[PDB]
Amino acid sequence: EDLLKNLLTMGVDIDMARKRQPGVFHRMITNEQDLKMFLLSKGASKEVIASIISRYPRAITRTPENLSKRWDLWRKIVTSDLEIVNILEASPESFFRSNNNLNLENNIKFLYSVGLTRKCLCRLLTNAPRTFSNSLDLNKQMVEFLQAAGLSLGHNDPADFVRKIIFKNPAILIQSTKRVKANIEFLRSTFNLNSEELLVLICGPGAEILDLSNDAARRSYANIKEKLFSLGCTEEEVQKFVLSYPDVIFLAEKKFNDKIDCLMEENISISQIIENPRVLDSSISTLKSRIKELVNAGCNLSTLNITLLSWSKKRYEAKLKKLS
């Protein structure tokens, strides 16, 4: 009824909220006012609250008992209200897209029993909140699948493989198994990878690779192959390269290319680059910036030791002084 009037004064973007969830507005009763007070209660700015309601209107259909309970459960993981408020601003949907607090609490219990610690749970909640709106079964599925792969490979105790992979890759429990499986079969195929190496890779330097959408790695890698073949690198050199620094897969196609090009526009050979993969850690912006400083001081670059382009500001700025 007076719904819209409320929202409007709250700062809500109604037109957008209607597009997202028309249903919420065909509701006789809604608790948009209790919500405002609750979030105001817990530190939330007036503008955050508007923003949160504008992205997930169904949030206003929650009761103060319900909100206070779920909030309280989050506080079993995170230590401050501020932490929580920030997670909610970044990702409203994780807090509000379920009202099933028993599941949440069973979810938390389960995650503990899998041998995860609180520090790890706080890390999931912080960096992959959507985990805690996952159904218990869902988190079960993923965890079970990881154990059943910890075993399908050399690994002794999956109950520890699982912990490693999560510390490294918190967002894992909010990937589908369709996705994660496809990413393993991809690394396994693409690099004729034994059971153990593949294992190490996936817990370590290539952990995030499992988070890529369908065909994203196949496509990103394909492009790496093409871009490096075009410059006289053999397949082996390409593979040695990516395996030595798998995260280069995560880069979007054009960023990898743009990145290679700026480097070579300077007489930096492709040999220099692939033998020092980490120089690609830098943003193009940072590279370019440094490249200027260094061509300025009469550096060559074709003959320089370019590992410095990816050194911390501290160790880079220092070496630069000396070059004057």
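The first residue of the sequence shown is number 1, and the count goes up from there.
When the mean C-alpha temperature factors of 243-251 and 160-168 are read from the deposited coordinates, 160-168 comes out higher.
With 149-157 and 175-183 compared on mean CA B-factor from the PDB entry, the stretch scoring higher is 149-157. Between the residues 282, 296, 68, 41, it is 296 that shows the highest Cα B-factor in the PDB record.
Across the residues 120, 77, 193, 142, the deposited record lists the maximum Cα B factor for 193.
For residue 37, the recorded CA B-factor ranks within the middle third of the chain. Only modelled residues enter the ranking.
In the PDB entry, a CA B factor belonging to the middle third of its chain's modelled residues is recorded for residue 83.
In the PDB entry, residue 108 places in the lowest third of its chain by CA B-factor. When the modelled residues of the chain are ordered by their C-alpha B factor, residue 267 lands in the highest third. Annotation for residue 204: C-alpha temperature factor in the highest third relative to the rest of the modelled chain, per the entry.
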